[PDB]
Amino acid sequence: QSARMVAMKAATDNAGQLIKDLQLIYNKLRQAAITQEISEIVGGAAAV
Amino acid sequence: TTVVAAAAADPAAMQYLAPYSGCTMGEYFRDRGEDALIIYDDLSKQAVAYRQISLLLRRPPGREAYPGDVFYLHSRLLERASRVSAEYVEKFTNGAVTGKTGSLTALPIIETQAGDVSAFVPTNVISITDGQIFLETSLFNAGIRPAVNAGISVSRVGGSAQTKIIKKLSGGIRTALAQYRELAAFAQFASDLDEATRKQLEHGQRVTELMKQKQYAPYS
Amino acid sequence: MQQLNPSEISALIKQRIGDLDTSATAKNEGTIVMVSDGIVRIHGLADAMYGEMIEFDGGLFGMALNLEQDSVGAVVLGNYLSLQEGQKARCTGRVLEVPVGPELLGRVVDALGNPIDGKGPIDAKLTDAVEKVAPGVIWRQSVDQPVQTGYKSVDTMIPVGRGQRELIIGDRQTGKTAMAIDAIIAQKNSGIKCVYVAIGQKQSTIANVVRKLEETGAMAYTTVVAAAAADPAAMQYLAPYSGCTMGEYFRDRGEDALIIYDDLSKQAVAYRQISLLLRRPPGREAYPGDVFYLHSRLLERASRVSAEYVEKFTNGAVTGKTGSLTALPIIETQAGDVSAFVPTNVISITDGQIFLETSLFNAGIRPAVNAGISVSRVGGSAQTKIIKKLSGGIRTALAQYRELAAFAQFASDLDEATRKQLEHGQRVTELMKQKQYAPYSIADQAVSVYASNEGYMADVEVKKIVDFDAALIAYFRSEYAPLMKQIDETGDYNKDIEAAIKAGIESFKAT
Amino acid sequence: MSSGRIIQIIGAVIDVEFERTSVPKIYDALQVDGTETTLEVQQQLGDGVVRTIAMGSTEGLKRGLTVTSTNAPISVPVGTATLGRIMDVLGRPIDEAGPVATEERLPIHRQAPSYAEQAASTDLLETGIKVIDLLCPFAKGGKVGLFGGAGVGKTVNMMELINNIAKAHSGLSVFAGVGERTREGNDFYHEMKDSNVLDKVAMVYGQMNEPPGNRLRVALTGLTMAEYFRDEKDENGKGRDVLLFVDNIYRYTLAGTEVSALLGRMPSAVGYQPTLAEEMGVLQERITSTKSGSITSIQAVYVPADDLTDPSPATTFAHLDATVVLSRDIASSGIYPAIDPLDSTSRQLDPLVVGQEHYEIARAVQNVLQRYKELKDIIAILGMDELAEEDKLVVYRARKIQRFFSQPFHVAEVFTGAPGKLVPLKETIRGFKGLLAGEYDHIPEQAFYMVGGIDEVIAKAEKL
Amino acid sequence: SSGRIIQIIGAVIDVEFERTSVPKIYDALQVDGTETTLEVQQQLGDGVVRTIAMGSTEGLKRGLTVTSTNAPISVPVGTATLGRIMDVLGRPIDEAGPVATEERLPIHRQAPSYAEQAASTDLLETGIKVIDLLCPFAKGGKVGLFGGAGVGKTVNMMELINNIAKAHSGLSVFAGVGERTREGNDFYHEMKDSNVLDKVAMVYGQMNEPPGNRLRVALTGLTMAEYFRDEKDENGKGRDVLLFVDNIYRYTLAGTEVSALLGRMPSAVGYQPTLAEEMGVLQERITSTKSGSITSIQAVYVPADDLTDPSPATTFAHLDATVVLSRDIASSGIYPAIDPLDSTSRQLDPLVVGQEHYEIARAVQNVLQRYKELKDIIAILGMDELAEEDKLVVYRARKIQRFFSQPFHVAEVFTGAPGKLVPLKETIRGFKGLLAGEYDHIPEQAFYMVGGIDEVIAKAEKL
Ligand SMILES: Nc1ncnc2c1ncn2[C@@H]1O[C@H](COP(=O)(O)OP(=O)(O)OP(=O)(O)O)[C@@H](O)[C@H]1O
Ligand SMILES: Nc1ncnc2c1ncn2[C@@H]1O[C@H](COP(=O)(O)OP(=O)(O)O)[C@@H](O)[C@H]1O
Ligand SMILES: [Mg+2]
Ligand SMILES: [Mg+2]
């Protein structure tokens, strides 16, 4: 019982760490997507 | 066999037009009551070259610098590839040939970036084709040669283009593959599952290995 | 058809109606046409040169950017709100000059050689053109000469030679500016030159640094140039070039110097703003593709050169001396953006790089040095024989240690080899720390690292060890003063010297 | 003769022509003849052609209509009477209580403060709130980052800040509503009025019912107000030191993006104006102290999309000096204010700033509060009495700390009775140090709640 | 007669000529005043032509006269150029006076025809365990090095030169394209310390010069190589060709620098849409023909470590051997930092390297692949929660990684240890034994930065 308890605690901690990781990468990707699309739009508008 | 060459350093329009000529020859055989096949190698380079050509014309660009008509290009290209009625060619030959019917199959190649499928040209070509045939890198890296991913590659044609025996056999094979794919997430825990599930997994493993083959070594 | 030329002006048209040629005194004076945001399109200056300074009836200066069939585009040097078209400007014939020489020391000055400190009008004997190219390859000289940081970690893992280039990089308030000023103070007997450029900083901050260097007496062999955020974009975008030009003076006299580039990132931002305001089509992250060239043009100018090259620069004025120039860049990242575009470009050009980890600084480790991604491409050629011999694999061992510890965070079945490796790695970790304004002598690091490699420190407390070192040095400088005297006078490692060090170590362990 | 006539109109941007011998400079002020709308020079288009923005609605207007200039940037009333008055960006009363009393007018723009005037010292503002006073001391002429959602007493904290600065340091208060929603603005007014503090503050709002230029320039408006008050010297020189309240600077950046887009200029990395940093700075450098007088800033900050790496907050942090964050749980725990005493960061947190002992004390408090925070989970799950009794002592002491950091407010006096208590350092410091010594481990947590200095705490404890 | 400037922007210039004579699309242009040369770019028509700069842009004023040569850039060629360092124009910079050859050859030509295509199928060892196992070379093949910033690409280039060119007999050419001058001076001094300096001919274009010089620099060197490959040996076909290029990506970057200024609209990214064409015309000038064989070595910078930026991807399809470095692995301290996974070679079938070699390579590759998939779970769960075979796999792969670290005779400057030139036989024997598990009782560190399996055992015993 003790060992299972400790392992669950560690699992929770690793989950939190991975959550941080994913959140950071998500922010980066959202920024990149916005950049790409706005560049597309401005180029297309500049076409005329 | 015949091959037409558009080397990387060749003039852009040469690549841009070669597949059309290849289609011309393919049809030429098809219009003789015959059937044959052609292979399209990486329409991606062709698309990029046509992009360049268009841009030089100061053409109105679109997403990923692509004008919309690239669709129209590929459509009217692949549209030409199909099988015709014997009557059609027979009258085309003006009765020179009566029995046979014409047919033509083609295979285009699309190259993916990070295996992405949402890419514009892949999106289009998939929307056009009869179905997908897909290969995954890691499977080739998993020794799976070829590395077909049956999870996503299908054909709307179905067994209609298979002989009696092979259609008769393929069923349980597909079923076993589906089962094994189903239990992928637990594949690393074969210690507490059901015994019958273990048997299904073992069968999937064996058939998986059965799908290995060398190169240049086709089977009757 | 297309838009109007911003040069077809009813006045100009009527003038050509009167007569076509002899326009504006053969184009010696120009008249402004188009005004926006420190950017000025002007008609009528063909005598003007690309990249030339442009005088104004406003008493200000302009930067030549676009020489075109009918008009010229230029950027404003200083505030532009006092402007309007229909005003007069001219071409100086001089091209982008700036004062330079010994007189510059201990002055706070604008990016145009203008005294912003108000401590008397600064004079000069020579000015110089700002934009130049770095000398030829047959004129460079391999870097071999020490540069001091007074830092245990830096001097140990990352030697720095005169004429090399090493990036300092981290997140906001990781002590980057602190590292730089330490380096500056670390030069007070080297007799080498040093100068500081700041980009887009608060005037208060600039004054803080100014006063710090004052009280430290640093304002005796140094000069500072300010690019505050209030300053016009072009000013900031140009200031590093002026700093480079000022520095090269002494390398042109066969002497070495260090220039401190602060906030090159903000400089890049400003230049990007300029380019976009010029309707320049952008690429990734809106930066124009020349940013790589932008920085490289600056960076390559600072280096070590062949003595005959300067002897050529001299007219025999120098009998042959090794000319060199070292620089220090600063790049700021956004929460571990190590793969970020601009920094990646920077690394491509630098000969060395140092990155500081945020959490370890928050974990109190100062300086919080990521030994992993921190290198000096020259290697041991930049340190005395003592450091060369004592060091050699320590940084790599530390990196492998941290890798194992990261893998062992869910492992608890260590053997003795890995257990002792992790223990020693922790040990060496806490070794590598010091406080702000704590210049180490070389002998300090020498005896410390020798003891570390000699297991005199694995036996002591992970906490007390810092005291174990401080008191150790105190003991040693108390007792063996001529020994460290000699070695820091020379930096020489001899076997008898090693025996004396061992004697000092054992005497300390006896106390 | 400055009358120019409209030539072209789209949306909000406005174009006029003038004579090629008399052309207004950029940022000059244009009043439309026969109407109360105003035009702002943006870029000289040559040929006597100027492209400008309007200040308000644009309706009914038609081309060829005459407009004059002022040959100068915008000037607004400034003076002592400006308190208790709500004006527009143009400094024109909207309280509808008569015109502005002063005849003193100053142009909105001026260059950045001289390098020579940056005061050669850096010291700390005294406040009586007992929390920032230890953990995040403010510099003199600093920028304070403030975060957290509404309903946690933001207005209340501002109330207390104003009360203290005006009371002890005789500070004057200016508030700027960037992108304000009218209802909360009116509520804030009524609060200014009931709590007898209105007479000491100057108020200007820009609503989100206005074209962007209004919202952009209310900032500089309030800024200049503050500049005038500070540079207004006192007896024997030494004009006051003042505090500036500005809401949602992120809205400011957004409005800047607005006007840049309307000019037809390409976006930035995310899509902001490429010139973003320029206006950000231009705002910043006029926020500082001087050899005469000082100015300090409180700025409401909102982080859209929770991106600490977004360009707008990134540029913000380039000038931030202290960070204060507001909690929801802490307020729900009946602790006011709900300042998290664990995320607030101060550039001034250095032994070279607050002194040696003060620095170490604060660090020790931080350690205790951390230590207890990681204790919390174990206390929850594995009970309490399964730990080191020293750890339990830590628990009690940290609980006392948290109970103590809240205090009555002099503004809270009118709210719920219970007159507030002003407290400086050197007593907070001593009391906290003694608490760290554990010499008060014989007292319930109650004596620390809703109370002033440690002397008061012991008075209550004896009386409890 | 002569033309003159109309406008100046950056490195792009315009000249006005009489309709009687307008220059051809590529021709050398002499600024009649200062010392600057121009290359024709476009036939802007109506006597208007657009060009690029070959020197600094300064002193140039709108209207200054300029003449044509009616001839494109032609530089000296031949043995007299060897052992020398010339500029992008062939002018000496080594202060060795003028080159004693008067043979001249243009920088532009057509790609070799298909009929003249030759095929190289002859192995080429490197003495490098991870490469010689996972990336065999054919003498005369196309080999490229992919890698991000500072990932050690240059070091690998020098190591390969040391372990091939010296053992090679015959001429050799290498050119850097936008490089750090320090390394250039060092490398030149290095050959000067050696005696192969005569055998090599040397070219620089660096990140300190106007972008025009940055642009068409490699053309000179590759033309040198074309000459040499086509130079018939005295009574025989020409000696092989040793080619070495630095930072081919810099070529594309140089094109990018002006691509906009040509009035071209941006491509899918700021790149030029022409990209592929100027890439290919470069690439196809590198094949080995019936006459002569050319060995191409290319270090390729990776922007933002994005392998799938347009430039790396597009370049990628022109090499038989693929070699990419991984930033994290270097951050893990291993040298060389070559990914076992992505790096490939077309010479990898059992029909070339031998059945046994192919089998061993396949096996070790599959093991590493398996571990890589497995690597995530242990991040969540304890490694013990895995099957015993899985633990064996983990340890095997980790020790393989350790074994890949190979000390080099250039890396001693960084550390001090000597390099290792391991014969392929020892490599294959050691790996068969490892995948035989003959060493599943050995500490992992016994494999790190070592030579052969015998050295691994010696280290383990020294442990
Ligand atoms: N080695 C050290 N020991 C103790 N304190 C340090 C050390 N290095 C830096 N600090 C502290 O860190 C604080 C902030 O660092 P610093 O202001 O130098 O960062 P910065 O480079 O200016 O970054 P930014 O440009 O974001 O302000 C300083 O007040 C200083 O006291
Ligand atoms: N074989 C090796 N052993 C140890 N360190 C190496 C080795 N190869 C490269 N390095 C390290 O990697 C860096 C190589 O950078 P370099 O190759 O000069 O530039 P780039 O890779 O960007 O072309 C050096 O700083 C060196 O410390
Ligand atoms: Mg700093
Ligand atoms: Mg490189």
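Residues numbered from 1 in each chain as written, not as in the entry; some residues may be left out. Chains lettered and ligands numbered in written order. Part of a larger assembly, values for the part shown. Heavy atoms only, no water.

Listed as the method for this PDB entry is cryo-EM; the listed resolution is 4.3 Å.

1. Section: the overall build of chain A
Scanning chain A for helices and strands turns up 1 helix and 0 strands. C-alpha extents for chain A along the principal axes are approximately 70 × 10 × 5 Å. Counting across all 48 residues of chain A, residues that qualify as buried make up 4%. Within the structure as shown, chain A displays about 3700 Å² of accessible surface, and the carbon and sulfur contribution to it stands at 68%. Across chain A, the mean location of the 5 positive side-chain charges is 13 Å away from that of the 4 negative side-chain charges. (Helix = DSSP H or I, 4+ residues; strand = E, 2+ residues; numbered from the N terminus. Buried < 20%, exposed > 50% of the residue type's maximum accessible area, 1.4 Å probe, protein only. Areas by Shrake-Rupley, 256 points an atom, 1.4 Å probe, with all protein chains shown as cover. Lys, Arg positive; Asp, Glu negative; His and termini not counted. Charge placed at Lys NZ, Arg CZ, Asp CG, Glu CD.)

2. Some points on the overall build of chain D
For chain D, the count of helices and strands is 12 helices and 16 strands. Evaluated residue by residue, chain D yields a buried proportion of 53% over its 464 residues. Considering only contacts within chain D whose residues lie at least 6 apart along the sequence, 70% involve residues at least 24 apart. (Contact = heavy atoms within 4.5 Å.)

3. Considering the sheet that holds strand β8 (residues 86-87) of chain D
Hydrogen bonds between backbone atoms are what pair the strands of a sheet, whose relative direction is either parallel or antiparallel. Residues and elements named next belong to chain D. With mixed pairing, 8 strands are arranged side by side in an open sheet as β8-β12-β11-β13-β14-β10-β15-β16. Only two strands of the sheet have a single partner each, and these edge strands are β8 and β16 (345-346). Two strands pair when backbone bridges link them, and strand β15 (residues 322-325) and β16 are joined in this way by 2 bridges, in the antiparallel orientation. Within β16, the position partnered with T323 by the bridge is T345. (Pairing = 2+ DSSP bridges.)

4. Notes on the domain arrangement of chain D
All names here are of chain D. Its domain assignment divides chain D into domain 1 (2-73), domain 2 (74-348) and domain 3 (349-464). Using C-alpha coordinates to define each centre, domain 2 is positioned 31 Å away from domain 3. With 25 residues of domain 2 at the interface, the matching set in domain 3 holds 27 residues. For the pair domain 2 and domain 3, the summed buried area comes to about 2500 Å², and 66% of that belongs to carbon and sulfur atoms. Scanning the region where domain 2 abuts domain 3 turns up 0 salt bridges. Counting every contact that joins domain 2 to domain 3 gives 9 residue pairs in polar contact. No other element matches the 6 residues that helix α1 (residues 154-167) contributes to the side of domain 2 that touches domain 3. Across the side of domain 2 that touches domain 3, the residue classes break down as 12 nonpolar, 7 polar and 6 charged. (Domains from an automatic or database assignment. Buried area = accessible area lost by both parts, 1.4 Å probe. Salt bridge = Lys/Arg side-chain N within 4 Å of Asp/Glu carboxyl O. Polar contact = N/O pair within 3.5 Å; in protein donor to acceptor, adjacent residues only side chain to side chain. Nonpolar A, V, L, I, M, F, W, Y, C, P; charged D, E, K, R; others polar.)

5. A closer look at the UniProt feature "binding site: ATP" in chain D
Residues and elements named next belong to chain D. Sites flagged by UniProt as "binding site: ATP" map to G148, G149, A150, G151, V152, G153, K154 and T155. If sequence neighbours within four positions are ignored, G148 has contacts with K154 and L326. In this fold, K154 is placed in helix α1. (UniProt positions renumbered as here; feature names shortened; annotations may be inferred.)

6. A closer look at the site of ligand 1
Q173, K176, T177 and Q436 of chain C together with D350 of chain D are the nearest of the 13 residues found near ligand 1. Looking at what sits near ligand 1, you find residues from chains C and D. Within the contact set of ligand 1, an oxygen atom lies 2.8 Å away from a backbone nitrogen or oxygen of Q173 of chain C. Note that an oxygen atom of ligand 1 is positioned 3.2 Å from one of the backbone N or O atoms of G175 of chain C. Relative to its unbound accessible surface of 630 Å², ligand 1 loses 75% to contact with the protein. For the shell around ligand 1, the residue count by class is 2 nonpolar, 5 polar and 6 charged. Each of two domains, domain 2 (98-390) and domain 3 (394-510) of chain C, supplies a minimum of three residues to the shell around ligand 1. (Near = heavy atom within 4 Å.)

7. Points about the nonpolar core
Residue and element names in this part refer to chain E. Membership of the largest hydrophobic core comes to 56 residues, with the highest contact counts inside it found for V130, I131, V364, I400, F431 and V456. Broken down by element, the residue count for this core peaks at 7 residues, all from helix α11 (residues 355-380). A domain-level breakdown of this core finds at least three residues from each of domain 2 (73-347) and domain 3 (348-463). In contact with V456, not counting residues within four places along its chain, are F403, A446, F447 and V450. (Core = buried A, V, L, I, M, F, W, Y, C linked by side-chain atoms within 4.5 Å.)

8. Comments concerning the site of ligand 2
Around ligand 2, the surrounding shell consists of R377 of chain C together with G150, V151, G152, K153, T154, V155, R180, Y335, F408, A411 and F414 of chain E. Positioned at a junction of chains, ligand 2 has nearby residues supplied by chains C and E. Here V151 of chain E contributes a backbone N or O atom positioned 3.5 Å from an oxygen atom of ligand 2. Here an oxygen atom of ligand 2 sits 3.3 Å away from a polar atom, N or O, in the side chain of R180 of chain E. Residues belonging to the shell around ligand 2 are distributed by class as follows: 6 nonpolar, 3 polar and 3 charged.

9. What about the interface of chain E and chain B?
Counting from both sides, the interface comprises 23 residues of chain E and, opposite them, 19 residues of chain B. Across the chain E to chain B interface the summed buried area is about 1800 Å²; carbon plus sulfur atoms make up 52%. Area buried by chain E at its contact with chain B is led by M265, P273 and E277 of chain E, which between them contribute 27% of it. For the pair chain E and chain B, the number of links is 2 residue pairs in polar contact. Those elements that place two or more of their residues in the side of chain E that touches chain B are α7 (275-283) and α11 of chain E.

10. Focus on the packing of aromatic side chains
All told, the structure shown has 25 aromatic pairs over all chains when counted by the stated rule. Ring pairing ties together the aromatic residues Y16, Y20 and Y50 of chain B, which thus form one cluster. It is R172 of chain C that lies over the ring of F317 of chain D; its NZ or CZ is 3.8 Å from the centre. Looking at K312 of chain C, its charged tip hangs above the ring of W139 of chain C, at a distance of 3.4 Å from the centre. (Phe/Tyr/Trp six-rings, centres within 6.5 Å; stacked < 30°, edge-to-face > 60°. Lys NZ or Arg CZ within 6 Å of the ring centre and 35° of its normal.)

11. A look at the interface of chain E and chain C
With 50 residues of chain E in contact, the opposing surface of chain C contributes 55 residues. Taken together, both faces of the contact between chain E and chain C bury some 4700 Å²; the carbon and sulfur share is 57%. Linking chain E to chain C there are 3 salt bridges. Remark: the boundary between chain E and chain C carries 12 residue pairs in polar contact. The set of elements that each furnish at least two residues to the side of chain E that touches chain C consists of β1 (2-9), α2 (153-165), α3 (181-193) and α6 (249-259) of chain E. Top element by residues in the side of chain E that touches chain C is α3 of chain E. It accounts for 6 residues.

12. Remarks on the arrangement of the chains
When the 7 pairs of chains in contact are ranked by number of contacts, first place goes to chains C and E. The two units chain B and chain C remain apart, with a minimum C-alpha distance of 13 Å.

13. Let's talk about the packing of helix α13 (residues 394-407) of chain C against helix α14 (residues 416-431) of chain C
All names here are of chain C. Relative to each other, α13 and α14 sit at 115°, their axes nearing to 9 Å. In this structure, α13 crosses over α14, and the sense of that crossing is left-handed. In contact with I394, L398, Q400, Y401, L404 and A405 of α13, α14 contributes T418, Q421, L422, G425, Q426, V428 and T429. Grouping the constituent residues of the contact of α13 with α14 by class yields 7 nonpolar, 6 polar and no charged. (Axes fitted to C-alpha atoms, helices over the stretch in contact; angles between N-to-C directions. Left-handed = near helix turned anticlockwise from the far one by under 90°.)

14. So, the sheet that holds strand β15 (residues 241-246) of chain E
Residues and elements named next belong to chain E. Taken together, 7 strands build an open sheet; the order of strands is β8-β14-β13-β15-β16-β12-β17 and the sheet is parallel. Two strands in the sheet have a free side with no partner beyond their single neighbour: β8 (85-86) and β17 (321-324). Across 2 bridges, the pairing between β8 and strand β14 (residues 200-205) is parallel. Bridging from a neighbouring strand, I85 pairs with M202 of β14.

15. Topic: the environment of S39 of chain A
You can see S39 of chain A is positioned in helix α1 (residues 2-46). Between the C-alpha atom of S39 of chain A and that of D21 of chain A, which follows or precedes it by 18 residues, the distance is 28 Å.

16. A few points about the pattern of salt bridges
Residue and element names in this part refer to chain E. Going through the model one piece at a time under the given rule, you end up with 75 salt bridges over all chains. When the shortest N-O distance is used, the salt bridge between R182 and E183 registers 2.6 Å. For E183, a relative accessible area of 16% puts it in the buried group.

17. Digging into unusual backbone geometry
Note the cis peptide between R145 of chain B and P146 of chain B, where omega equals 0°. Tracing the backbone shows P146 of chain B in the loop between α6 (137-141) and α7 (164-182). Phi at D37 of chain C is positive, roughly 55°, even though this residue is not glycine. Position of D37 of chain C relative to the elements: it lies in the loop between β1 (29-36) and β2 (39-43). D37 of chain C gets classed as partly exposed once you look at its relative accessible area, which sits at 26%. A positive phi angle, near 60°, is found at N236 of chain D, a position not held by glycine.

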